Amino acid sequence: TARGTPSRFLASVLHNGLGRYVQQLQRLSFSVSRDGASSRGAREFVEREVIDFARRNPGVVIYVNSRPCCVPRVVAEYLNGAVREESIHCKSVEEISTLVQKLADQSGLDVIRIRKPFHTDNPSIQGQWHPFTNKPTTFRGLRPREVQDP
Amino acid sequence: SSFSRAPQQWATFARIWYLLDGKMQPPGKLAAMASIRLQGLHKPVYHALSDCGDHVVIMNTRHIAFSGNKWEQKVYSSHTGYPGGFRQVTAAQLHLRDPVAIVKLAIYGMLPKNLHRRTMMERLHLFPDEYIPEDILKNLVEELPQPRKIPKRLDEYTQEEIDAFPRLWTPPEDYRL
Amino acid sequence: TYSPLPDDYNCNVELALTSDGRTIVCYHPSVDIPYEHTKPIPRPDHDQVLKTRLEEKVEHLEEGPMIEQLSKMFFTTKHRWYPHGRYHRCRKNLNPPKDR
Amino acid sequence: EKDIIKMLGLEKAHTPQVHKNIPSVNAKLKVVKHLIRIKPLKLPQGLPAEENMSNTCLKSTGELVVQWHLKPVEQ
Amino acid sequence: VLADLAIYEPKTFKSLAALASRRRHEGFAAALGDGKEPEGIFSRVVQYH
Amino acid sequence: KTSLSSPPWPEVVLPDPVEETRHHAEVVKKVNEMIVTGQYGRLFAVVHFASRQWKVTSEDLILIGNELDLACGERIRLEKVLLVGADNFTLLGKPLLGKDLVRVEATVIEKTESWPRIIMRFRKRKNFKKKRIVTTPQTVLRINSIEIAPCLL
Amino acid sequence: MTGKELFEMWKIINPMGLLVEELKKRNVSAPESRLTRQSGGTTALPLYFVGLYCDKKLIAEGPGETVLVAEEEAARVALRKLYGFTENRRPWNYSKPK
Amino acid sequence: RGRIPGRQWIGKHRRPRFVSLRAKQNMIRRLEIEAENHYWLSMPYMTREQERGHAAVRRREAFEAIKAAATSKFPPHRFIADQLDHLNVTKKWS
RNA sequence: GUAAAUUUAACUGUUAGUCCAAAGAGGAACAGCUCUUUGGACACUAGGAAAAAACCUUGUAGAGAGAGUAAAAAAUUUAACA
Ligand SMILES: [K+]
Ligand SMILES: [Mg+2]
Ligand SMILES: [Mg+2]
Ligand SMILES: [Mg+2]
Ligand SMILES: [Mg+2]
Ligand SMILES: [Mg+2]
Ligand SMILES: [Mg+2]
Ligand SMILES: [Mg+2]
Ligand SMILES: [Mg+2]
């Protein structure tokens, strides 16, 4: 639920997209098994998909380590320092490619509840409302039931 | 507004003292005006958890006017808890015993039935007559218009207004009247 | 001499339509508070031998009278000024999210 | 009445459906006339043609316009 | 949006309030009128085709 | 003259349409001259995007609740602008402003998914209980600039 | 500098003193501080709006819980308008140079 | 002190229910809609004699499609490739 | 106008019923009573009649910090007389 989980406001990293867009994904670490049956899709991704994916993302360093493992995993590290580990256990090549592409498009911020679906550092241009915004002034600023020059 | 962050927040959520004159005014209409201000419902920044209530000052609560025969028909009832302690008093009896009770009960019933209502009543100030404490007077901001227009008596009309209204019938010259 | 709303409290609202009638143009310059509608700021507020020392006039009060003083000072009820147990104190988020 | 509504293709409310003005169709309408709004179909520019099949729209006035440019009128 | 405009753009909201007030008055004049007068300036509707 | 002889509301006399038409042209020209000379600061706009109306200004962020089929970093223009306003003037559409009048551009900076959402059903004394978790795709757009051209005639 | 204010980045002491010097360079008379708005003066939560007037013309206005704080805030608002660092100023143009 | 014997809205003694101003308006609004429906059902385009048989060809062809789909049920084809592709579960790198 | 229907093969469960509207019977033109028939609702969703199984509105399932609506508020104040 929302009460039982943390929350945050919508934000970006270093005001990304304002002056220029910088891909927040920084590193991908794949762990595939040469003989593991659950790593069949992971091996298929490495054979034909990871090479083309590296061409399209020159700013992301991809490490493919082939070691014995029962559950293949991919570790995504972002510029802000967040580390996200995702399992590719018994996933097809298409599912892995969708998952890898999903990691590249994320900003690295925590995937939790966002209070407002918008953020603005300048919510007001004409001036934020205060109780005297629509109250006319009186001569000499006299309060109600006030006598002047007693 | 190019204000600093701390003063900008202080200005938006400041409390405003409102003055309301209850002479010849129905308590319910006074209560409806007071209830909105006490809850903060008159502000675009209103929210239940923002605690944006304002202070309402009502004077001349002794000189309120009840439409119809509500002075003799409206009954305010309460129980003291002890057996045989069910007390029912008319509006006339309660007004004489307490000049501010009638307006106070009307405002109290219009506020939300929650734990914020008693706080809102602490921002409500009632005075039976035109006397108001100097501290309360010095912090007033705006005087709300009276909800009901007080009709003028027959002797309050000027001669120009009396002459303006035409005579409608010609009485017989030999009628005693 | 017709104006939809008074122009003496917030801004001077002027409504207009373009030639084709597809756009509504509103000109609302801000209104400045007149000098004549302002109060001056309250700038104004013995051969003593001994140096004037600061005297602590803050006498300690009991829990009862202090809360009555606090309630009247801020026009609240007494219930807000009583403490709450450790269960509620630890549940409060000491580093809440901050927006702008 | 539930069955006739299904026969007329009126399962979803507030979804216009076109039916022929013939006695047999009107007989079904008379049964469920209290559940429906009946309006005549208007053709200011006639029946849609093959060229303007994809540019048709049914307005709230009952008129089926064969041209829908989503632009204000220049008049 | 109107709630946001009320809090952060009071000058814009007053113009919207004035526009609604002007349109409201034009409706009153149309009702009292017999129909031998042109539509109000802000009462005109932009037709789309 | 009695209490009910006349309506309580004061009489309202609308301006002469012949005279008011000239007055409207003066106001439009006055506001149009401001755009030519650049007499405006920060601009806020209300755009209709993804079935919702968003009040946005420059350097803002909006969280769309669906995928936009756009690569991250691509800049797009929001063609539906209902309102554009400044510190002194405001332009209203009926119901949409012209494209030449106002131009709003946004940049795709993040394509992600929402936090898990619990969908639970329960009916007492009926052994009815089902659970579903859904993550809706989301796209984060940054409003880069809002530009207005002197197209008020 | 997206959401940061001028004086949140440029920390100053006694803004009123700096405001007076700026107006002298512009050949403008010394500003006069007056109370434009006031609420809850005798209470524990007051509101004051102090306006700065040069030649009986309003240049800035600022809120505050006390007259001294509100007057200081008004000086900051006056400096922001003079320096061009208003909150509603023109946003920075990040578009590619022509 | 004022209580309805038994349940409120059922029984010999019931809590009285009164028709509000908007309750009448809603019924009148729906009455006007149905009155207009009576008018538009009073002008058929063709008579019953003219209507007869004008859509028999389409109706017959529509039911023939239903018969064709009903009698087309059969197990799907089975392919050797589907059975042989199961051997890929043990595919390993050399 | 519609897309269902019958037949063939294989079985389970339901077979202790409530209110409302209507035509009746029993009782007392009593019952939140009892027994049949026609239909609705309930034993599934949501809004409304204050709370509310049975009246009204409304059904096909998700997300949204958009929008148009449905049903939906109780009215009434009276005795002169040749
Ligand atoms: K009953
Ligand atoms: Mg209490
Ligand atoms: Mg009961
Ligand atoms: Mg059997
Ligand atoms: Mg029974
Ligand atoms: Mg039945
Ligand atoms: Mg059962
Ligand atoms: Mg309920
Ligand atoms: Mg639905």
# chains A, B, ... in the order shown; residues from 1 in each chain; ligands from 1
>>> residues_near_ligand(ligand="ligand 6", cutoff="12 Å", atoms="only C-alpha atoms (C1' of nucleotides) and all ligand atoms", output="list in words")
residues 17, 18, 19, 20, 37, 38, 39, 40, 41, 42 and 54 of chain I
>>> write_last_selection(atoms="N, CA, C and O atoms (P, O5', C5', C4', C3', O3' and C1' of nucleotides)", output="PDB file, in the first residue's frame")
ATOM      1  P     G I  17     -37.770 -23.534   0.994  1.00  0.00           P
ATOM      2  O5'   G I  17     -36.843 -22.287   0.648  1.00  0.00           O
ATOM      3  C5'   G I  17     -36.181 -21.563   1.679  1.00  0.00           C
ATOM      4  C4'   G I  17     -36.409 -20.076   1.570  1.00  0.00           C
ATOM      5  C3'   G I  17     -37.856 -19.638   1.335  1.00  0.00           C
ATOM      6  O3'   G I  17     -38.072 -18.412   2.030  1.00  0.00           O
ATOM      7  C1'   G I  17     -36.493 -18.778  -0.371  1.00  0.00           C
ATOM      8  P     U I  18     -39.556 -17.877   2.334  1.00  0.00           P
ATOM      9  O5'   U I  18     -39.368 -16.298   2.362  1.00  0.00           O
ATOM     10  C5'   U I  18     -38.562 -15.694   3.360  1.00  0.00           C
ATOM     11  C4'   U I  18     -37.867 -14.454   2.857  1.00  0.00           C
ATOM     12  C3'   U I  18     -38.735 -13.426   2.157  1.00  0.00           C
ATOM     13  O3'   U I  18     -39.504 -12.646   3.051  1.00  0.00           O
ATOM     14  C1'   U I  18     -36.734 -13.727   0.944  1.00  0.00           C
ATOM     15  P     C I  19     -41.076 -12.453   2.792  1.00  0.00           P
ATOM     16  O5'   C I  19     -41.190 -10.973   2.220  1.00  0.00           O
ATOM     17  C5'   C I  19     -40.616  -9.878   2.918  1.00  0.00           C
ATOM     18  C4'   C I  19     -40.040  -8.861   1.967  1.00  0.00           C
ATOM     19  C3'   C I  19     -41.014  -8.247   0.977  1.00  0.00           C
ATOM     20  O3'   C I  19     -41.781  -7.199   1.541  1.00  0.00           O
ATOM     21  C1'   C I  19     -39.046  -8.903  -0.156  1.00  0.00           C
ATOM     22  P     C I  20     -43.282  -6.937   1.039  1.00  0.00           P
ATOM     23  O5'   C I  20     -43.091  -6.171  -0.342  1.00  0.00           O
ATOM     24  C5'   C I  20     -42.348  -4.964  -0.404  1.00  0.00           C
ATOM     25  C4'   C I  20     -42.048  -4.570  -1.827  1.00  0.00           C
ATOM     26  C3'   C I  20     -43.232  -4.554  -2.777  1.00  0.00           C
ATOM     27  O3'   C I  20     -44.019  -3.383  -2.658  1.00  0.00           O
ATOM     28  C1'   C I  20     -41.422  -5.671  -3.799  1.00  0.00           C
ATOM     29  P     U I  37     -46.444 -21.363  -8.755  1.00  0.00           P
ATOM     30  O5'   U I  37     -47.059 -20.346  -9.811  1.00  0.00           O
ATOM     31  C5'   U I  37     -48.126 -20.741 -10.658  1.00  0.00           C
ATOM     32  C4'   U I  37     -48.800 -19.549 -11.285  1.00  0.00           C
ATOM     33  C3'   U I  37     -47.876 -18.503 -11.883  1.00  0.00           C
ATOM     34  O3'   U I  37     -47.398 -18.859 -13.167  1.00  0.00           O
ATOM     35  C1'   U I  37     -49.524 -17.439 -10.571  1.00  0.00           C
ATOM     36  P     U I  38     -45.875 -18.551 -13.568  1.00  0.00           P
ATOM     37  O5'   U I  38     -45.900 -17.019 -13.996  1.00  0.00           O
ATOM     38  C5'   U I  38     -46.707 -16.584 -15.079  1.00  0.00           C
ATOM     39  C4'   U I  38     -46.659 -15.087 -15.240  1.00  0.00           C
ATOM     40  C3'   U I  38     -45.304 -14.434 -15.039  1.00  0.00           C
ATOM     41  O3'   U I  38     -44.436 -14.568 -16.150  1.00  0.00           O
ATOM     42  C1'   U I  38     -46.928 -13.215 -13.855  1.00  0.00           C
ATOM     43  P     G I  39     -42.888 -14.914 -15.905  1.00  0.00           P
ATOM     44  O5'   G I  39     -42.258 -13.534 -15.423  1.00  0.00           O
ATOM     45  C5'   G I  39     -42.239 -12.411 -16.288  1.00  0.00           C
ATOM     46  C4'   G I  39     -42.029 -11.119 -15.539  1.00  0.00           C
ATOM     47  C3'   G I  39     -40.760 -11.007 -14.715  1.00  0.00           C
ATOM     48  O3'   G I  39     -39.604 -10.751 -15.487  1.00  0.00           O
ATOM     49  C1'   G I  39     -42.577 -10.200 -13.457  1.00  0.00           C
ATOM     50  P     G I  40     -38.160 -11.163 -14.920  1.00  0.00           P
ATOM     51  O5'   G I  40     -37.840 -10.040 -13.839  1.00  0.00           O
ATOM     52  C5'   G I  40     -37.805  -8.671 -14.209  1.00  0.00           C
ATOM     53  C4'   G I  40     -37.734  -7.769 -13.006  1.00  0.00           C
ATOM     54  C3'   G I  40     -36.559  -7.997 -12.072  1.00  0.00           C
ATOM     55  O3'   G I  40     -35.358  -7.416 -12.541  1.00  0.00           O
ATOM     56  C1'   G I  40     -38.533  -7.807 -10.804  1.00  0.00           C
ATOM     57  P     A I  41     -33.974  -8.220 -12.416  1.00  0.00           P
ATOM     58  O5'   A I  41     -33.484  -7.902 -10.937  1.00  0.00           O
ATOM     59  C5'   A I  41     -33.362  -6.562 -10.487  1.00  0.00           C
ATOM     60  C4'   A I  41     -33.520  -6.461  -8.993  1.00  0.00           C
ATOM     61  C3'   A I  41     -32.558  -7.289  -8.161  1.00  0.00           C
ATOM     62  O3'   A I  41     -31.279  -6.696  -8.030  1.00  0.00           O
ATOM     63  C1'   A I  41     -34.740  -7.596  -7.344  1.00  0.00           C
ATOM     64  P     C I  42     -29.973  -7.625  -7.971  1.00  0.00           P
ATOM     65  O5'   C I  42     -30.038  -8.283  -6.523  1.00  0.00           O
ATOM     66  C5'   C I  42     -30.092  -7.477  -5.357  1.00  0.00           C
ATOM     67  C4'   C I  42     -30.340  -8.309  -4.126  1.00  0.00           C
ATOM     68  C3'   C I  42     -29.375  -9.459  -3.900  1.00  0.00           C
ATOM     69  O3'   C I  42     -28.161  -9.038  -3.307  1.00  0.00           O
ATOM     70  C1'   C I  42     -31.595 -10.209  -3.575  1.00  0.00           C
ATOM     71  P     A I  54     -31.767  -3.959  -0.699  1.00  0.00           P
ATOM     72  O5'   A I  54     -32.965  -4.817  -1.295  1.00  0.00           O
ATOM     73  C5'   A I  54     -32.795  -5.554  -2.499  1.00  0.00           C
ATOM     74  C4'   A I  54     -34.060  -6.265  -2.908  1.00  0.00           C
ATOM     75  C3'   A I  54     -35.335  -5.419  -2.884  1.00  0.00           C
ATOM     76  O3'   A I  54     -36.161  -5.763  -3.994  1.00  0.00           O
ATOM     77  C1'   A I  54     -35.621  -7.333  -1.533  1.00  0.00           C
TER      78        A I  54
END
>>> residues_near_ligand(ligand="ligand 7", cutoff="10 Å", atoms="only C-alpha atoms (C1' of nucleotides) and all ligand atoms", output="NGL selection string")
:I and (14 or 16-17 or 43)
>>> interface_residues(of="chain F", to="chain B", cutoff="12 Å", atoms="only C-alpha atoms", output="VMD selection string")
chain F and resid 1 to 3 8 87
>>> write_last_selection(atoms="C-alpha atoms", output="PDB file, in the first residue's frame")
ATOM      1  CA  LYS F   1     -41.159  51.991  -5.556  1.00  0.00           C
ATOM      2  CA  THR F   2     -41.591  49.067  -3.158  1.00  0.00           C
ATOM      3  CA  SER F   3     -39.362  46.203  -2.013  1.00  0.00           C
ATOM      4  CA  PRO F   8     -32.810  43.237  -6.227  1.00  0.00           C
ATOM      5  CA  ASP F  87       2.503  38.643 -15.831  1.00  0.00           C
TER       6      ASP F  87
END
>>> residues_around(residues="segment 38-45 of chain E", least_positions_apart="2", cutoff="12 Å", atoms="only C-alpha atoms (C1' of nucleotides)", output="count of residues only")
45
>>> interface_residues(of="chain I", to="chain H", cutoff="12 Å", atoms="only C-alpha atoms (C1' of nucleotides)", output="list in words")
residues 1, 2, 3, 4, 5, 19, 20, 30, 31, 32, 33, 49, 50, 51, 52, 54, 55, 56, 57, 70, 71, 72, 73, 74 and 75 of chain I
>>> closest_atom_pairs(of="chain D", to="chain H", cutoff="10 Å", atoms="only C-alpha atoms", output="CSV")
residue,atom,partner,partner_atom,distance
D:20,CA,H:45,CA,8.3
D:21,CA,H:44,CA,5.3
D:22,CA,H:44,CA,5.3
D:23,CA,H:48,CA,6.1
D:24,CA,H:48,CA,7.6
D:25,CA,H:44,CA,9.6
D:26,CA,H:41,CA,6.3
D:27,CA,H:41,CA,8.9
D:29,CA,H:41,CA,8.1
D:30,CA,H:41,CA,7.7
D:33,CA,H:34,CA,6.7
D:34,CA,H:34,CA,6.0
D:35,CA,H:34,CA,8.6
D:36,CA,H:34,CA,8.0
D:37,CA,H:37,CA,6.5
D:38,CA,H:37,CA,5.3
D:39,CA,H:40,CA,7.0
D:40,CA,H:40,CA,7.3
>>> select_by_dssp(residues="chain A", states="strand (DSSP E or B)", output="PyMOL selection string")
chain A and resi 7-8+25-32+61-66+73-78+83-87+113-114+118-119
>>> write_last_selection(atoms="C-alpha atoms", output="PDB file, in the first residue's frame")
ATOM      1  CA  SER A   7       7.265   7.918  -1.376  1.00  0.00           C
ATOM      2  CA  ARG A   8       8.996  10.705  -3.274  1.00  0.00           C
ATOM      3  CA  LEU A  25      22.142   4.151 -17.546  1.00  0.00           C
ATOM      4  CA  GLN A  26      25.887   3.755 -17.053  1.00  0.00           C
ATOM      5  CA  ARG A  27      26.757   0.053 -16.809  1.00  0.00           C
ATOM      6  CA  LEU A  28      25.197  -3.337 -17.531  1.00  0.00           C
ATOM      7  CA  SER A  29      26.696  -6.515 -16.061  1.00  0.00           C
ATOM      8  CA  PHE A  30      25.424  -9.786 -17.535  1.00  0.00           C
ATOM      9  CA  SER A  31      26.053 -13.198 -15.960  1.00  0.00           C
ATOM     10  CA  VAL A  32      25.371 -16.042 -18.400  1.00  0.00           C
ATOM     11  CA  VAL A  61      29.565  -0.072 -20.777  1.00  0.00           C
ATOM     12  CA  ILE A  62      28.302  -3.661 -20.965  1.00  0.00           C
ATOM     13  CA  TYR A  63      30.157  -6.457 -19.167  1.00  0.00           C
ATOM     14  CA  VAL A  64      29.304 -10.021 -20.204  1.00  0.00           C
ATOM     15  CA  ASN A  65      30.837 -12.626 -17.886  1.00  0.00           C
ATOM     16  CA  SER A  66      30.336 -16.307 -18.727  1.00  0.00           C
ATOM     17  CA  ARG A  73      21.098 -11.852 -13.781  1.00  0.00           C
ATOM     18  CA  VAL A  74      21.742  -8.417 -15.267  1.00  0.00           C
ATOM     19  CA  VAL A  75      22.936  -5.566 -13.039  1.00  0.00           C
ATOM     20  CA  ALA A  76      22.170  -1.993 -14.099  1.00  0.00           C
ATOM     21  CA  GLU A  77      24.123   0.896 -12.575  1.00  0.00           C
ATOM     22  CA  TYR A  78      23.102   4.515 -13.109  1.00  0.00           C
ATOM     23  CA  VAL A  83      22.148  -0.144  -8.557  1.00  0.00           C
ATOM     24  CA  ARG A  84      19.329  -2.359  -9.833  1.00  0.00           C
ATOM     25  CA  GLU A  85      19.668  -6.125 -10.276  1.00  0.00           C
ATOM     26  CA  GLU A  86      17.174  -7.929 -12.517  1.00  0.00           C
ATOM     27  CA  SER A  87      16.836 -11.658 -13.147  1.00  0.00           C
ATOM     28  CA  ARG A 113       5.038   6.067  -5.306  1.00  0.00           C
ATOM     29  CA  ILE A 114       5.237   9.594  -6.722  1.00  0.00           C
ATOM     30  CA  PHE A 118       4.221  16.917 -12.132  1.00  0.00           C
ATOM     31  CA  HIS A 119       7.015  19.076 -10.755  1.00  0.00           C
TER      32      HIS A 119
END
>>> atom_distance(atom1="atom CA of residue 87 of chain B", atom2="atom CA of residue 38 of chain B")
29.5 Å
>>> interface_residues(of="chain D", to="chain E", cutoff="8 Å", atoms="only C-alpha atoms", output="PyMOL selection string")
chain D and resi 67-73
>>> residues_near_ligand(ligand="ligand 9", cutoff="12 Å", atoms="only C-alpha atoms (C1' of nucleotides) and all ligand atoms", output="number ranges by chain")
D: 11-14; I: 45-46, 58-62
>>> interface_residues(of="chain G", to="chain A", cutoff="12 Å", atoms="only C-alpha atoms", output="tab-separated table (two decimals) with N, CA, C and O atoms, in the first residue's frame")
chain	number	residue	atom	x	y	z
G	1	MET	N	20.86	26.96	-11.39
G	1	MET	CA	20.10	28.10	-10.91
G	1	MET	C	18.62	28.02	-11.27
G	1	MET	O	17.96	29.06	-11.40
G	2	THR	N	18.09	26.81	-11.45
G	2	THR	CA	16.72	26.67	-11.95
G	2	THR	C	15.70	27.18	-10.95
G	2	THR	O	14.93	28.11	-11.24
G	3	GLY	N	15.67	26.60	-9.76
G	3	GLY	CA	14.71	27.01	-8.75
G	3	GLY	C	15.30	27.90	-7.68
G	3	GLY	O	14.57	28.40	-6.81
G	4	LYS	N	16.61	28.12	-7.73
G	4	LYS	CA	17.27	28.92	-6.71
G	4	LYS	C	16.94	30.39	-6.87
G	4	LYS	O	16.86	30.91	-7.99
G	5	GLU	N	16.74	31.07	-5.75
G	5	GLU	CA	16.50	32.50	-5.74
G	5	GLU	C	17.81	33.27	-5.79
G	5	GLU	O	18.90	32.71	-5.62
G	34	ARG	N	6.32	51.94	4.60
G	34	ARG	CA	5.00	52.14	5.17
G	34	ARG	C	4.27	50.80	5.23
G	34	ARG	O	4.56	49.89	4.45
G	35	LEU	N	3.32	50.70	6.16
G	35	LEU	CA	2.52	49.49	6.32
G	35	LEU	C	1.35	49.53	5.35
G	35	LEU	O	0.43	50.34	5.51
G	36	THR	N	1.37	48.65	4.36
G	36	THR	CA	0.27	48.55	3.41
G	36	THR	C	-0.81	47.58	3.89
G	36	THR	O	-2.00	47.84	3.69
G	37	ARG	N	-0.41	46.48	4.52
G	37	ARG	CA	-1.34	45.51	5.07
G	37	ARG	C	-0.92	45.17	6.49
G	37	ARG	O	0.25	45.26	6.85
G	38	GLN	N	-1.90	44.77	7.30
G	38	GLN	CA	-1.63	44.40	8.68
G	38	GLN	C	-2.75	43.49	9.17
G	38	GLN	O	-3.93	43.75	8.92
G	39	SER	N	-2.37	42.43	9.88
G	39	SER	CA	-3.34	41.48	10.41
G	39	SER	C	-2.76	40.82	11.65
G	39	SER	O	-1.60	40.40	11.65
G	40	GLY	N	-3.56	40.74	12.71
G	40	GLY	CA	-3.13	40.10	13.94
G	40	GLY	C	-1.97	40.79	14.61
G	40	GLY	O	-1.02	40.13	15.05
G	41	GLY	N	-2.03	42.12	14.70
G	41	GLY	CA	-0.91	42.87	15.25
G	41	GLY	C	-0.63	42.54	16.71
G	41	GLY	O	0.53	42.42	17.12
G	47	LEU	N	0.79	39.44	10.71
G	47	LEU	CA	1.13	39.58	9.30
G	47	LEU	C	1.29	41.06	8.98
G	47	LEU	O	0.40	41.86	9.28
G	48	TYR	N	2.41	41.41	8.36
G	48	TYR	CA	2.68	42.79	7.96
G	48	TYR	C	3.19	42.81	6.53
G	48	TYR	O	4.03	41.99	6.15
G	49	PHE	N	2.67	43.75	5.74
G	49	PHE	CA	3.16	44.02	4.39
G	49	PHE	C	3.75	45.42	4.38
G	49	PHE	O	3.01	46.41	4.45
G	62	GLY	N	6.75	43.57	0.72
G	62	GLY	CA	7.16	42.30	1.28
G	62	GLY	C	6.42	41.95	2.56
G	62	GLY	O	6.17	42.80	3.42
G	63	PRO	N	6.05	40.68	2.70
G	63	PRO	CA	5.39	40.22	3.92
G	63	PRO	C	6.40	39.80	4.99
G	63	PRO	O	7.59	39.62	4.73
G	86	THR	N	13.77	38.76	-10.88
G	86	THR	CA	12.43	38.49	-10.41
G	86	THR	C	12.10	37.01	-10.60
G	86	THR	O	12.69	36.31	-11.43
G	87	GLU	N	11.15	36.53	-9.79
G	87	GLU	CA	10.74	35.13	-9.90
G	87	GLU	C	10.11	34.84	-11.26
G	87	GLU	O	10.32	33.77	-11.83
G	88	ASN	N	9.33	35.79	-11.79
G	88	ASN	CA	8.66	35.64	-13.07
G	88	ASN	C	9.48	36.19	-14.23
G	88	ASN	O	8.92	36.62	-15.24
G	89	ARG	N	10.80	36.20	-14.10
G	89	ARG	CA	11.65	36.71	-15.16
G	89	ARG	C	11.68	35.74	-16.34
G	89	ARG	O	11.16	34.62	-16.28
G	90	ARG	N	12.31	36.18	-17.42
G	90	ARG	CA	12.42	35.34	-18.61
G	90	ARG	C	13.29	34.13	-18.30
G	90	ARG	O	14.41	34.29	-17.80
G	91	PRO	N	12.82	32.92	-18.57
G	91	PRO	CA	13.65	31.73	-18.32
G	91	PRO	C	14.87	31.70	-19.22
G	91	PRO	O	14.90	32.30	-20.30
G	92	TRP	N	15.90	31.01	-18.75
G	92	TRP	CA	17.13	30.88	-19.53
G	92	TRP	C	16.85	30.17	-20.85
G	92	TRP	O	16.11	29.19	-20.90
G	93	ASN	N	17.45	30.68	-21.92
G	93	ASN	CA	17.27	30.12	-23.26
G	93	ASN	C	18.33	29.06	-23.48
G	93	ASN	O	19.50	29.37	-23.74
G	94	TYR	N	17.93	27.79	-23.40
G	94	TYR	CA	18.84	26.67	-23.61
G	94	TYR	C	18.85	26.19	-25.05
G	94	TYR	O	19.55	25.22	-25.36
G	95	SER	N	18.10	26.83	-25.94
G	95	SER	CA	18.02	26.38	-27.32
G	95	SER	C	19.36	26.60	-28.03
G	95	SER	O	20.20	27.39	-27.60
G	96	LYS	N	19.54	25.87	-29.13
G	96	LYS	CA	20.79	25.95	-29.87
G	96	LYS	C	20.97	27.36	-30.44
G	96	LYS	O	20.01	27.94	-30.96
>>> select_by_dssp(residues="chain H", states="alpha helix (DSSP H)", output="PyMOL selection string")
chain H and resi 21-40+48-51+56-70+80-84
>>> interface_residues(of="chain C", to="chain B", cutoff="8 Å", atoms="only C-alpha atoms", output="ChimeraX atom specification")
/C:75-77
>>> closest_residue(among="A:81, A:17, A:131, A:108", to="chain E", atoms="only C-alpha atoms")
A:131
>>> residues_near_ligand(ligand="ligand 4", cutoff="12 Å", atoms="only C-alpha atoms (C1' of nucleotides) and all ligand atoms", output="list in words")
residues 10, 11, 12, 13 and 14 of chain I
>>> closest_residue(among="C:43, C:91, C:79, C:100", to="chain F", atoms="only C-alpha atoms")
C:100
>>> residues_around(residues="residue 143 of chain F", least_positions_apart="3", cutoff="10 Å", atoms="only C-alpha atoms (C1' of nucleotides)", output="count of residues only")
21
>>> atom_distance(atom1="atom CA of residue 42 of chain D", atom2="atom CA of residue 28 of chain D")
21.9 Å
>>> atom_distance(atom1="atom CA of residue 64 of chain D", atom2="atom CA of residue 9 of chain D")
19.5 Å
>>> decode(residues="segment 22-31 of chain E", atoms="N, CA and C atoms", output="PDB file, in the first residue's frame")
ATOM      1  N   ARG E  22     -19.127  38.664 -17.634  1.00  0.00           N
ATOM      2  CA  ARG E  22     -19.578  39.341 -18.847  1.00  0.00           C
ATOM      3  C   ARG E  22     -20.504  38.451 -19.665  1.00  0.00           C
ATOM      4  N   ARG E  23     -20.150  37.174 -19.817  1.00  0.00           N
ATOM      5  CA  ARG E  23     -21.007  36.250 -20.551  1.00  0.00           C
ATOM      6  C   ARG E  23     -22.334  36.043 -19.833  1.00  0.00           C
ATOM      7  N   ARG E  24     -22.309  36.021 -18.499  1.00  0.00           N
ATOM      8  CA  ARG E  24     -23.545  35.880 -17.734  1.00  0.00           C
ATOM      9  C   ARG E  24     -24.476  37.063 -17.963  1.00  0.00           C
ATOM     10  N   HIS E  25     -23.923  38.277 -18.012  1.00  0.00           N
ATOM     11  CA  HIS E  25     -24.742  39.458 -18.263  1.00  0.00           C
ATOM     12  C   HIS E  25     -25.305  39.454 -19.678  1.00  0.00           C
ATOM     13  N   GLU E  26     -24.521  38.981 -20.650  1.00  0.00           N
ATOM     14  CA  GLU E  26     -25.015  38.904 -22.021  1.00  0.00           C
ATOM     15  C   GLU E  26     -26.188  37.942 -22.139  1.00  0.00           C
ATOM     16  N   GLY E  27     -26.179  36.858 -21.362  1.00  0.00           N
ATOM     17  CA  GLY E  27     -27.321  35.961 -21.353  1.00  0.00           C
ATOM     18  C   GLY E  27     -28.578  36.627 -20.829  1.00  0.00           C
ATOM     19  N   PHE E  28     -28.435  37.472 -19.804  1.00  0.00           N
ATOM     20  CA  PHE E  28     -29.588  38.185 -19.264  1.00  0.00           C
ATOM     21  C   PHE E  28     -30.174  39.146 -20.290  1.00  0.00           C
ATOM     22  N   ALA E  29     -29.315  39.861 -21.019  1.00  0.00           N
ATOM     23  CA  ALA E  29     -29.803  40.787 -22.035  1.00  0.00           C
ATOM     24  C   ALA E  29     -30.514  40.047 -23.159  1.00  0.00           C
ATOM     25  N   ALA E  30     -29.992  38.882 -23.548  1.00  0.00           N
ATOM     26  CA  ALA E  30     -30.639  38.095 -24.594  1.00  0.00           C
ATOM     27  C   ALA E  30     -32.024  37.634 -24.161  1.00  0.00           C
ATOM     28  N   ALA E  31     -32.162  37.210 -22.902  1.00  0.00           N
ATOM     29  CA  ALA E  31     -33.461  36.761 -22.409  1.00  0.00           C
ATOM     30  C   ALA E  31     -34.471  37.901 -22.389  1.00  0.00           C
TER      31      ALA E  31
END
